[PDB]
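First up is the structure itself, then whatever we jot down about it.
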Amino acid sequence: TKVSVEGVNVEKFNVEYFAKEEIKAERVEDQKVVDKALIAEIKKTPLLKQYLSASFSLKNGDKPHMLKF
Amino acid sequence: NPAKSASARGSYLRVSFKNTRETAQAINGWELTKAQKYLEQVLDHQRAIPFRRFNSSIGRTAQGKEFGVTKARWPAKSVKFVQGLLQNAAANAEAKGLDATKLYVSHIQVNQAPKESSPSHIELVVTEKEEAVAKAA
Amino acid sequence: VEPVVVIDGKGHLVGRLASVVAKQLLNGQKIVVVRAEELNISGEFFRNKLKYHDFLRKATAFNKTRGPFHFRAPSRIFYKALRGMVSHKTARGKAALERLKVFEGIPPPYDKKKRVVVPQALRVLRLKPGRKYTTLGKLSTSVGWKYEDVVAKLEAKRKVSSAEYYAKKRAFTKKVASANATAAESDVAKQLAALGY
Amino acid sequence: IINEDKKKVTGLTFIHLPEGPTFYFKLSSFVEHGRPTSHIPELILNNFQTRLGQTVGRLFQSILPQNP
Amino acid sequence: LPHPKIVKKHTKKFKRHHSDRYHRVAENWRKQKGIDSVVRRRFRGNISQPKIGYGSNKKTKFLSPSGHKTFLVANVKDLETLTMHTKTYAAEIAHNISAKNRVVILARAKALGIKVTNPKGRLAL
Amino acid sequence: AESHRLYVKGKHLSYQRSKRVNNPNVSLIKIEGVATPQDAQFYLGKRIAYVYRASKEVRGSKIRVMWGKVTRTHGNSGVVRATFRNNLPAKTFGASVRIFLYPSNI
RNA sequence: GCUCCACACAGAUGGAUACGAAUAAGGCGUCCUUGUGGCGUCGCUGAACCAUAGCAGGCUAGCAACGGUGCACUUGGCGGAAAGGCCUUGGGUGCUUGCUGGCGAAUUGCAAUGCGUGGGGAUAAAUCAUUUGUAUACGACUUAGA
RNA sequence: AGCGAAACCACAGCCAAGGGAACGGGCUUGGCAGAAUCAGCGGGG
RNA sequence: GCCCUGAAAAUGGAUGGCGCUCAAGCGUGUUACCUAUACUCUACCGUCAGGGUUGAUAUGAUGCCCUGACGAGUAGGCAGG
RNA sequence: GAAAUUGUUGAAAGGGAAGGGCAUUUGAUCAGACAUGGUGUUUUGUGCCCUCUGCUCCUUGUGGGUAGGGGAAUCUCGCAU
């Protein structure tokens, strides 16, 4: 399952974006820019907003050499 | 705590080693009064000594049933030495100013001596049994 | 898989069954065998009845009592059979036949709970159709086991009290298989099918 | 201030902060059945005729509570 | 030092046959000599005997866990020979050197940069 | 809600052996549902953990672990070869070993 | 055991998911002429079934159902093979992902699972010692005694 | 109740079968095996 | 060809055991797999052989290297500790 | 003041044998830095620094030891802040 990603500006973040030398108020501003520019595209497809919020697990009889992802 | 215990050694004792090992171990960890009384009872053939290691050809008696053994005997000379000791230890403690009523043979121990003779050292050690306690809210 | 695999002899081949029941404990697999008496074997009867007594004679000399004890009761018959392919004697062994349990009949708490079988070991499915094949029950008896009946009788009971059960269930389902049927064909459903379900 | 040489506690210092009469000690013993309450414990001191003594007496009187 | 990873080859002690059964026969290795002996004929299951293959990698030989070669220093002159090999040798102060003398060998080695393999020897705080 | 399982539950069968001489470095693992060498190839080189409680608490948890890799297959049944850091104990022959899904090829 | 003090703390990780008998036969559904009866249909693997979304599963707003389910209670019934469980009635209280919401998750920094003691007190009994002999190498056994 | 040796001592001591060589006592495959101890035979080595 | 018979006793008894019968037996064929101190490859030890190395080498030329092969062993021989 | 050997205590193991080798687990236990910088700049303050004046030991310039003053507004030459 692929989404639309082309609406997103991502080029701000590289390696150096992740140094540390209580959460930085700069970092949370980039969250919401990405997220709101993303939510839109997830809302198109049915159940995807719900699909993402859930946790993947293995269930009895899921043999993962058989399984398709 | 050494401020709580009184010891009493006896050495180069012309007693059968093997019998002593027994009467000692028999009495190991007893309240001094119940202990001393018991050695009177072995003397009167009321109770017998549970021989355990050095015990081949000891004639089975019911008195053994008190402990968990079938074999048991009444040995005079051994015990004669051991209550001789206990009596001493008691008196040591009274010089040290203790409570004799709480007393107990914490550690007794017997090992051979030089030699044919077969002599043996004994060291028993008696202690106050510490209790007495309270709290608040 | 399942923590306890209550098996069920009823048409298996003492051997084979065993073997596998075996491996499975060795590989840490709590089993439990039932209806031992309805275990089977290979060959006529008047055989197993030998390939046994012989076994019987065995026993010890100077002191008969100390020796190869000849158990009668099925269960055990079959036990042996098995405690015979498991290095019994060694932690890992004992540690097994530790994991085992072989009742004749099918007493609680197992009555109430699904069992199963072990292909790779049913008369029907291994013995060239129509060939001599013995059936413990007799074979026990024939040589001591004093109960064949108790089991038997105090059986029929079970079967009953169950089937009865059944019903009540068969009745139940039906209803479902009916509800689902009707409330089946409405969208939602449909969809599923597409995916498959 | 407590110190360790080897894996055992040994030295123990008591400095009074301005001015500063300052001691240092060698613990020998240490061990571990009481399980004490949160009530504040009573002091007792024994044998101190010497003036150097009732300076160490004069230490602990201070360094432990005068609440009890 | 960026030393090579030191391979130990054989970490168990080479005990002597039967040094376990009898209290007279000692843990100090000695070859077996009877021609009916199994050890000498290296039957399976029986104790491993020292052969030349267990020999250590010549690059890593003598090297302790620190990746330094042990070296015994008696006095403060003998230490100052390693003035040049701090990266390679470790000043083991020798066992008989006193308390009063040691504290002086530790002064220098700390200053020179020699890693002493055995400090806290006799010394307290 | 019921499952948090992100691993396949296999059992620890043996050390690779002979009739006579076992090498304890190569632990043999059965994995759940795997039947062939083909199905096993998938699991090759995923990390295994053997997990167990011990008596004493160590890092705020009584619950210790060993780690290791599926390395190659073994016969046809899908029994697989596996090497741990410290070898697995033998006393654990026929115990559960949690086989994981990193590293993915998928 | 009850009571008072003092201390001490062979491998779970969604579900063992209940007919019996036969296998040159069987389920399951339906009509009854109630049968070794007819018509329909299934099987060729559990690859199923049932559960399964929420901080390892939070805090709050409604809609639609009148159900699902958890928990101590309560009514009645069943289970003796190793019953030591399995159902049901009534109410209370949670939860509901059946439907739609509104908030929180970060920094854990790119992997390293995340119920006994040692003394007391009260009271049940056994043993020793005594007595008897149906017993006896010694034990053990049998008796009797507030 | 006391006193109190010596000879002796590689080590242990359950059966059944197999272990080629008038070799079975440790091995192989089984049967099995619960601590502790006293009294018999005249039983075998 | 397979099968029964084609005699052998005497302490209980052994395809090694359990057990096996459209085999887990016999005959044959095909593939898959299991594992030795065997073979291949890499590192390491040591030994032997061949060599390099001085108007001197960022370590004792009785040094410091380069290449290759080899490694059971009693009496016995030689050598280093 | 060794070893055999003996007692006591604590831990552990023990269904007709124990000790040994390969490998790990658990239990108890032992280690586990008087490590604390490095570099590049910037205030100052000092000296073996600059500079004024010297004194002395010896062998060849490519020398060694050590006084008296002054000065940082040049100087990182060293060393402390």
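Protein chains in written order, with full-length UniProt numbering: chain A, 89 to 109, 129 to 176; chain B, 10 to 124, 140 to 161; chain C, 3 to 199; chain D, 149 to 180, 187 to 222; chain E, 4 to 128; chain F, 2 to 107. For each residue, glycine too, the CB sits at the ideal point set by N, CA and C.
- Using a Cβ-Cβ cut-off of 7 Å, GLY30 (chain C) is close to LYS12, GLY95, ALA96 of chain F, given in chain order.
- Where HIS116 (chain B) is concerned, there is no enclosing alpha helix (DSSP H), although the beta strand (DSSP E) around it starts and stops at 112-116.
- Distance from the CA atom of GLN215 (chain D) to the CA atom of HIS164 (chain D), rounded to whole angstroms, is 13 Å.
- Per DSSP, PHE163 (chain A) is not a residue of any alpha helix (DSSP H), being assigned neither H nor E.
- Per DSSP, reduced to three states, the secondary structure at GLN52 (chain E) is coil, with no helix or strand assignment.
- Among the residues facing chain F, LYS170 (chain A) is included, as its CB has a counterpart in that chain under 7 Å away.
- Around the beta carbon of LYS92 (chain F), a 10 Å sphere encloses fewer than 16 other beta carbons of the protein chains shown; the residue is thus reported as exposed.
- Looking at the backbone, the Cα of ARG160 (chain C) and that of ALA186 (chain C) are separated by about 37 Å.
- Separation of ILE58 (chain B) and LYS13 (chain B) (C-alpha to C-alpha, rounded to the nearest whole angstrom) is 29 Å.
- Distance check between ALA94 (chain E) and each of E:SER101, E:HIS6, E:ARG111, E:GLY58 places E:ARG111 closest, using alpha-carbon atoms only.
- When only Cα atoms are considered, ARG212 (chain D) and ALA15 (chain B) end up about 36 Å apart.
- Contact check for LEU19 (chain C) against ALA123 (chain C) passes: the beta carbons are separated by less than 7 Å.
- The three-state secondary structure of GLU109 (chain A), taken from DSSP, is coil.
- For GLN121 (chain B), no alpha helix (DSSP H) run applies; the uninterrupted beta strand (DSSP E) run containing it begins and ends at 119-121, by DSSP.
- DSSP, reduced to helix, strand and coil, places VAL104 (chain C) within a strand of the structure shown.
- Note on geometry: alpha-carbon atoms of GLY11 (chain C) and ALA98 (chain C) lie some 19 Å from one another.
- Neighbours of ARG94 (chain C) in chain F, taken as residues whose beta carbon is under 7 Å from its own, are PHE94 in chain order.
- In this structure, the CA atom of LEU159 (chain A) is about 34 Å from the CA atom of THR37 (chain F).
- Approximately 5 Å separates the beta-carbon atoms of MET87 (chain C) and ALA24 (chain C); this is inside 8 Å, confirming the contact.
- Annotation for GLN121 (chain B): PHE26, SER144 place their beta carbon closer than 6 Å to its own, counting only its chain and skipping 5 residues before and after.
- Per DSSP, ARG65 (chain F) is one residue of the beta strand (DSSP E) stretching across 64-74.
- Beta-bridge analysis with DSSP links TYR135 (chain C) to C:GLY45.
- Here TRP68 (chain F) is exposed. Its C-beta has fewer than 16 other C-beta atoms within 10 Å.
- Assignment of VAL98 (chain F) by DSSP, reduced to helix, strand and coil, places it in the strand class.
- In the structure shown, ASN26 (chain F) falls within a coil segment according to DSSP collapsed to helix, strand and coil.
- Around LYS31 (chain F), the beta-carbon contacts reaching into chain C at under 9 Å are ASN29.
- With a cutoff of 7 Å on beta-carbon distance, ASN49 (chain E) and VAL42 (chain E) are scored as near each other.
- Scanning the segment 19-86 of chain B for uninterrupted alpha helix (DSSP H) segments of 4 residues or longer gives 26-36, 41-52, listed from N- to C-terminal end.
- Per the C-alpha coordinates, the member of F:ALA55, F:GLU58, F:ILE32, F:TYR51 positioned closest to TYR44 (chain F) is F:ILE32.
- If you ignore the 5 residues before and after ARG82 (chain B), its C-beta comes within less than 7 Å of the C-beta of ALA57, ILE58, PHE60, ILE67, all in its own chain and listed in chain order.
- Looking at A:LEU155, A:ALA132, A:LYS175, A:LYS166, the one whose alpha-carbon comes closest to that of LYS90 (chain A) is A:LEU155.
- Straight through space, the alpha carbons of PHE171 (chain D) and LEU115 (chain E) are spaced by roughly 35 Å.
- For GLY139 (chain C), the CB contacts under 8 Å within the same chain, skipping 5 residues up- and downstream, are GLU39, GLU40, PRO76, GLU150 in chain order.
- For the segment 156-168 of chain A, the beta-carbon criterion of a distance under 9 Å to any beta-carbon of chain F is satisfied by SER162, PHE163, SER164, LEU165, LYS166, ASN167, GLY168.
- By the criterion of a C-beta distance shorter than 7 Å, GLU152 (chain B) is surrounded in its chain by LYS13, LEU107, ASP108, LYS111, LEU112, once the five residues flanking it on both sides are discounted.
- When DSSP states are grouped into helix, strand and coil, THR209 (chain D) belongs to the helix group.
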